[PDB]
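Data first, discussion second: the structure below is written as structure tokens.
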Amino acid sequence: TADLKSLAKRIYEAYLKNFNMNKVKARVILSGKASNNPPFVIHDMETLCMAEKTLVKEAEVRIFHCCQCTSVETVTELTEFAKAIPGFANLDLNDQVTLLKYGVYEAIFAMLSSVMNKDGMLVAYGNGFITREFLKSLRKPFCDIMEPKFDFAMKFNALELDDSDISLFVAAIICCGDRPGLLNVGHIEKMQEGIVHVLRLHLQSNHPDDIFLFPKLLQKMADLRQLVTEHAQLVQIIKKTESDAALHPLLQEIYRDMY
Amino acid sequence: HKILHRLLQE
């Protein structure tokens, strides 16, 4: 197609332009090769403090705000990535906020699985690597935050998607027509179908062997929505039980009356 | 809210 094949590469560009790191880079850092200098691994409090002294309260709470700084940076990138979507800037100023209110984290987790593996994930622009077992070590409720994401990322990574696939997937996550409070539920739905259409045609052409990759990703979308709901629940517990853990203004604004 | 919309207006 003309537009369908073109719009797919436009969203791809906005992905690469606004999103670093991506998956192609995360796969380079991992699996060795073309690198030779592996990232500093963080598997205990010792390695954690070494990585902290080189960056400028409890350990669990410090790791907290470190992930908040990344969530905030990602949401910003998402806002820029969203504006480059055909039709997002044309929507109502309030409908743009809602699409990003329920979609940001649902996308953050999708993209997060690119820098993850059964053993850990890459942090600090790929220069570091934090092991999964170390996170399960921390005290509750912190030890339960990242664990569900690893599980999703494992089954998600099984689908063997690349940045072109993921880009369209993320865009679809943002152009969700059944978000609570959506005004023009009719215009967004049309925009959503256009995005979902290209995604479907793109997968049928980029993975001709996996003929059901499209419905699987749909399943994953439902999984991510559930995965955000539970995450938002665990965030409230941390906001109300941990006295030294303060949410970021931008982050507190998004969870405000979410689920 | 106040942020986000402060961003969308860019």
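Counting starts with 1 at the first residue shown.
So how was this one determined? The header says X-ray crystallography, 3.0 Å.
The backbone N, Cα and C atoms fix where each Cβ goes, and this holds for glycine too.
Noted in Swiss-Prot for the protein shown:
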- A:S71, A:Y105, A:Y255: indeglitazar binding site (BINDING)
- A:95-224: region 'Required for heterodimerization with RXRA' (REGION)
- A:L224: site 'Essential for heterodimerization with RXRA' (SITE)
Legend entry - Near-site residues: indeglitazar, ref A:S71, A:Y105, A:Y255, CB cutoff 8 A to centroid: A:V75, A:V104, A:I108, A:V228, A:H231, A:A232, A:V235, A:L251, A:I254
Legend entry - Same-chain residues at least 6 apart in sequence whose Cβ lies under 8 Å from A:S71 (indeglitazar binding site): A:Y105, A:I108, A:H248, A:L251
Legend entry - Å between Cα atoms of A:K57 and A:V56 (gap: 10 unmodelled residues): 14
Legend entry - Packing count at A:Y255 (indeglitazar binding site) (other Cβ atoms within 10 Å of its Cβ): 17
Legend entry - A:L224 (site 'Essential for heterodimerization with RXRA'), number of other Cβ atoms within 10 Å: 23
Legend entry - Distance, A:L224 (site 'Essential for heterodimerization with RXRA') to A:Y255 (indeglitazar binding site) (CA atoms, angstrom): 16
